[PDB]
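Right, one structure below, let's go through it.
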Amino acid sequence: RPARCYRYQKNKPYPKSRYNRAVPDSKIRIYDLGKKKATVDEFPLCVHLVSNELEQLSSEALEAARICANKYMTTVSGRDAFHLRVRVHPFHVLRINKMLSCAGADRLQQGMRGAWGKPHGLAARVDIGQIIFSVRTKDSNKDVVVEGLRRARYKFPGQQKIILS
RNA sequence: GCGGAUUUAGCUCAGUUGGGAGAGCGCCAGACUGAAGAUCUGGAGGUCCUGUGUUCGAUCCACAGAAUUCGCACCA
RNA sequence: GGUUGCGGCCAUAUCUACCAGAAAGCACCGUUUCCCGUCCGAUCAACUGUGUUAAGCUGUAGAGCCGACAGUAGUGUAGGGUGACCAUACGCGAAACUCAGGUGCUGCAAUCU
RNA sequence: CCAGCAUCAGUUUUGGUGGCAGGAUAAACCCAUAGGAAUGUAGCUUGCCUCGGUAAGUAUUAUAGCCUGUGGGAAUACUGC
RNA sequence: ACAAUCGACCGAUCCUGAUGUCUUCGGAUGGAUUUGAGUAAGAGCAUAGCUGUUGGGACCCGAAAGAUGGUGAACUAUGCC
RNA sequence: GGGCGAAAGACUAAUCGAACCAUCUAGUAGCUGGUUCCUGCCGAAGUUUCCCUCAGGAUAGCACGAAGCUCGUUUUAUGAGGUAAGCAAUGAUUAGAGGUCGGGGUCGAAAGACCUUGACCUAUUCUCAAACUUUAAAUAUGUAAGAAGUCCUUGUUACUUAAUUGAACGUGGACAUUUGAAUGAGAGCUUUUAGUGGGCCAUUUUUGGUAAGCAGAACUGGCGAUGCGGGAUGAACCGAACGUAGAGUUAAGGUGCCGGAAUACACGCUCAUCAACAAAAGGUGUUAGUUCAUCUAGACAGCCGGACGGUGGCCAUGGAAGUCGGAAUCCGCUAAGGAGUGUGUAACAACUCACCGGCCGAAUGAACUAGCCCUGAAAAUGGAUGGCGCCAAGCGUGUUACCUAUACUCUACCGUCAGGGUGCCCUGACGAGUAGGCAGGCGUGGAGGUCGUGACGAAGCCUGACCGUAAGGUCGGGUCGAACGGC
RNA sequence: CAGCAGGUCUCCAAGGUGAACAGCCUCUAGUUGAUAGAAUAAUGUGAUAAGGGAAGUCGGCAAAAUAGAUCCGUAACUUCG
RNA sequence: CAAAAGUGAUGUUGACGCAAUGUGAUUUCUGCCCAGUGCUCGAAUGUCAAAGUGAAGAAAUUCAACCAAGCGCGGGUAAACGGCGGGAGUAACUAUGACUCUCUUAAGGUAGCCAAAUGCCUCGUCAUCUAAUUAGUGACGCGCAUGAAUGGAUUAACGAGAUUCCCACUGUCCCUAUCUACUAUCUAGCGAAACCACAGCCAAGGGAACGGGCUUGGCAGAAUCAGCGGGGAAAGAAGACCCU
RNA sequence: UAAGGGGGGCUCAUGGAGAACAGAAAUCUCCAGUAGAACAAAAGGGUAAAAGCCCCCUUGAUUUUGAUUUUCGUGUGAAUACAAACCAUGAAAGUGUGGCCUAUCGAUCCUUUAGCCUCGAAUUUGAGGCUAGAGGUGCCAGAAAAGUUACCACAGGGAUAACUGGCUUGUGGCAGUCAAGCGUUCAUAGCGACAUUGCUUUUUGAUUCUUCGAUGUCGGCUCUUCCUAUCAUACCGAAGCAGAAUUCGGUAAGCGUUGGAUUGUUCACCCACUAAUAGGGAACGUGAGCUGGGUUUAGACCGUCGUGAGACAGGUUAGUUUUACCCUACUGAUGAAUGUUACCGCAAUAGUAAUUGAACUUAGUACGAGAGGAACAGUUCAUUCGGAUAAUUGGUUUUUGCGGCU
């Protein structure tokens, strides 16, 4: 499984706190970054990395894009004039099959029967309209996140359409 | 389908159809010895399986239950 | 002209600020041997005192609540295209957003005018 | 005896060519006249620089857009012959 | 047991529109009520014959296997001298 | 099941873990295989309640066979999503700030006092959920009712009922008529003698691995039991229905050529043989539209200069020098040089210039949007991304001509049955086909019958003619030396 | 089963060479089978040889050293055979 | 131990023996256990098979239902089968646990030996050998899980049985050649064998799924004999895996 | 057995506000709020008119029934008016066959008992058919009670598997590359946080799609192909490289690509050289050419597990390679077609051959601190292959001659 094979979803929803026999740990370090304070305060300009598609942005790549852009935005300042968000969470626990095997095995591990994707990963859904990487950035001079949206969509499956918001 | 043994102080058990119970090992504290052992003293530790009766009086006798243990018969 | 009851009936029938009326009719004021009840006067009781009370109404817009014109997504029966989607036959077409609006409806019973 | 297929003479059904017309309509292959708005080409004159051209006047050489008024043209979707 | 009384149902009765025939009888259909009555309402038995099947030479074919009675120590395991 | 063992069930007529021969015996096989005329009428199903039940079968779903009869198109409503859309409620987290108490710091013997980073609330700012839903379609569907004729008054009797409700009869009114002839089904119910009881694929959505054909639930078409055309090869798709034939007209789709039909017409980017997969990420091929900086107020390029005085401006620092970091932000000479575009030495030492100067004299350049191109792209038998090969014989947009399904379509003919009236004729609707049933037709051995034919030549052998519904039988020739059919 | 490369009790004992009954070789004494000729590939069936001395192959498998008579000379340790 | 029973083997053997089982000559020796189970032995003491209530007169007859053993309980015995511990603390100094405490059970092992026909961990750890050498041979301790009678241990002779070093050496190979016997080639005679798919190119393409056989394209003539092991998959039996 | 019926009375959990007390509070209270508390046991669900709180007395855990309907094919089950039976409660109205909606068990066979309708001259009685109850048949719709199974026989089965081919690339490899970091300054001499997109089919497997009248294994010998994801040979360019040592990239598949030791063995792991010792697929040519060490049964033993016969995802000892290629691939040799034809040359075409090092010698020159020692010539030969190969080599030569023993 590369993130080529963490693209779409015939994995249907499954995400509540009541009905769950415990989720694994995530990678996710921080949501809002640069400014914590200013959402639309200092920043009347935004770029949204709006999805064309209805994909699962897996928690693997979710931290990846965000941490590349974290390390990058220290040169300009470690709290420069941007506001890189994480939005929609891994609420849904990503079900992934295997260890599997029909005959000739330890106990037999099935696949077909034993259809339950035995909980391995975590993934967020980033459907149409939705974004994770909302970048509220400054009006004049230092806009830095247009560049840092190549670095956002790279660590993301799919072909996201860049919309000025 | 029908009968026998056992239940007592923590643990090991002594011992009993009416005047109402007994010692070791252990536990503690003080003597004692050059010290540990040994042993006395003092502290104690149970209403003798349990519910309810009989009697002047009950561990003890009665009706009935809990529970460990043991045997024959079953239909063939 | 009014007062009281029975409602049917639930969120356009909901709440606050604040005013105002008294014996046709209503409600507070105040207290108890003995029945009757207890923790306690919650059964029962004169002339009078009085709007405290509660049902009700006026004054009132602060809020529940509410609305054109207009703008618009999906889509059966089908019919045209695309990798992670987009666009059409043909029949209908919202919230969001707004000119603006707003103090119920209806039937029945008793009594005075 | 059905199908293919049959002398010789006359006729139907269905569609088109070509010639012509009605419903109903007037643009045209291309159609008059008067007044006002416009502005293209040829020829002449004048001015200025330069050897190659350009600007202004030219209704007084010749001709037009678009509108208004008056007057006159006008064969065809459909449908039939 | 009589019978009273209810039921599948037969037969009667009543009504709608068309309706032969008339202000009088007669024919048929659909639905419903009322009312009278009978049969285990199955209202004959026998027979040539047919059907699918239980059974019957049992559609044709492919096995491992039991009980009973014979014959083999001619070869061969063992015995003895 | 005994004989026998130092063991290996070695051994016993090639058979020994129970000798061999014969009989009962054709033991039996819940499993598998094989299995004999034709046409016509006509023809499904792979689904289920349920089982010590599973390659089966009682029952049910669906059409067998036979007799007697059986729609809807759509109008009025009534019941049910929460798709839609959302964060009220509940669920999971991102933001500003406000601020009790708590926590930290400091002065204090513990005790006491002074400050301050984190709270609900709440205002402002912003994320968001299969067991989370305030509001709540078109469109399909149920259930009831209607388009296709029933409503209402008065009086009496019996039940219910001691009131009253509900119904039928008596009785009045509302509610259509002339003329001629006569009754339609595309759906219900009953019942004898079979079959299925194991299927495939395409479209679409769900739970679910969108890594995979993992695996399950809903809904729909064709095949199963279907002609023919299209597609190089391929049941499902497209067009679509078939008994039997030639015409009349055209679908789905084709016309440079193998192989029939334009080397056509008009306009156009592009000519790479594009046509023939592919993202991040990127480009002076090449064209168009829109907006704007910019322009005789001298756009822009090349070539050519002034590289100035204050001055090493100031300050990071060991040193900082325009040339480290950071701020002031000028004066100068007021037709230009900023307190600076790029290079260079630790650095000076050295060098170049946007800013800007001087020649020249017209449309140039940034964005923004669209199209053709173009870069990213590796594997083993002989073209291998077409055979010949095509630069238009590619492709878009607009047009025209030619070709095109047993369907479409003309008319006749073949199959059973109905009605009118026998003898049967008119004539409706349909006719691809496997199980299966019924009907009809051809069939052997044999026979009650048996006459007829025969030795002047019977069956047979062999060979020819040889009707037409698929089934197989009459006549005729060469020849036989006794058998066999009218009815 | 066989006109089959077979099973099959069991008798007799010369010369010289080598213990005997190995081998060697003649007697008394016997005999070459129910098809044949000529050449004599590839390939399967026999021996020889330079140089090397284990280097090769599952594989000292295969193949090599040596050998008699008579005399000399010779190892641990014993259940002391 | 055979046989239905008669009748015998065992056996005219007899404990100096007969037989089932365990076993193996030689030579030095043999520590310890009664929970669980069998065999054998023993008597203090507990249980299991032979009643009698009811019908003759308007309500007043008759006969069918407890006692013994093994067992319970107690005693003998392991050449019949079986059994032989955990947690915690502790010595100069890296480093270790003599000894001690505590829990648990019926109660916790000697003489002698070790990395196995048995070792997860392990190219463990060390010496010597080898062009590399883990074998040869030298030990290490880090025993997943050694231990005295269906026996440890002393210890000579013998083998178509099992490894290595060492000496001479070897067609096995390097390295193949040459010559020879017999046949193949070729011929005569008589005369087999199980044995009967229309058919017999390759590259690309579709596909009952790896085609000479089907779609296109390239290629493909016949009379005849000797050769050689690649496919089709020969000669054949209803597969060896695998499930009913 | 009240943890039921009926009457009568009441509205919370909880918070704020403190009160001597207080420990949150105990008890209480003013003030505010109202189905969020309470629910056998789970989840949903009902509910203030109370299904919650509070107090007393009652015994319906009820007889005899059922119109009209639920409704499964069935077995089997529910709603169920209404009337009588009929006791104690209430002023009466009043509503229920014990229950807030909301899982909670056993037949035929049987067993034994109570209630009491049908019988052999015939007075009794034997024998036999409603109903209700005993009894962990949990699969809730139910036969005392345990099995290895390999000497081996027979009939069937991808109804079912080892495993093959297909598919994806799961598990993952490679590259582009987002490029912040860090290497002396310094995103890319080099090193690369964090990882992803396309390709791909190698680590390593997901899947019963396609297969039981055969789908026989591994390392090597031998001989029959094609490609380059490139070790070496031809040709080129660049560096943070002084010549030269060192470091990196492009054009391009004709040819060359070792010898031994550890280990079954490529892997694992070491050595001696040599100019030096590559990558990938192809039924890895590959058991009717070949070995049968690696690799599907059968003597016997140990460890480990089970009452045991015996077993094991653990090891050890012996234990079947038969035969003549039908058709084709295919390598040699002959026979016949535009008169004929002994004899041989065009090249429209088919098959083929292949490599490297050292030495003489270039040169002691280029260039350098020092070790060192480049461009480029002419000349010769040694490993190795094929064809040619018969003399100076090495050997064989049964043909024809020579030595010894019975």
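Quick note on numbering: PDB author numbering labels position 12 of the first sequence as 15, and the sequence is numbered without any gaps. By construction, the Cβ of each residue, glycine as well, lies at the ideal position given by its N, Cα and C atoms.
Are residue i and residue j closer than 8 Å when you measure CB to CB?
| i | j | result |
| --- | --- | --- |
| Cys71 | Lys141 | no |
| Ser61 | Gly124 | yes |
| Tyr75 | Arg139 | no |
| residue 217 | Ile134 | Any answer about residue 217 is impossible in this case: the structure gives the chain only from 4 up to 168. |
| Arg4 | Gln59 | no |
| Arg32 | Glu63 | no |
| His92 | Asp35 | no |
Note the first and the last residue of the continuous beta strand (DSSP E) segment covering residue i.
| i | result |
| --- | --- |
| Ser137 | 137–140 |
| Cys71 | Taken as a continuous stretch (DSSP letters only), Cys71 belongs to no beta strand (DSSP E), being part of the alpha helix (DSSP H) at 62–75. |
| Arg24 | That residue, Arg24, is in no beta strand (DSSP E); it is neither H nor E in DSSP. |
| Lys164 | 164–167 |
| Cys49 | 48–53 |
| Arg128 | 126–129 |
State the start and end residues of the unbroken alpha helix (DSSP H) segment that holds residue i.
| i | result |
| --- | --- |
| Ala155 | 153–156 |
Please classify residue i as buried or exposed, where buried requires at least 16 neighbouring CB atoms within 10 angstroms.
| i | result |
| --- | --- |
| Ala118 | exposed |
| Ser137 | buried |
| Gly37 | buried |
| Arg110 | exposed |
| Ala84 | buried |
| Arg116 | exposed |
| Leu167 | exposed |
| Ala106 | exposed |
| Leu103 | exposed |
| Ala126 | buried |
Would you list the residues sitting across from residue i in a DSSP beta bridge?
| i | result |
| --- | --- |
| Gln113 | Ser104 |
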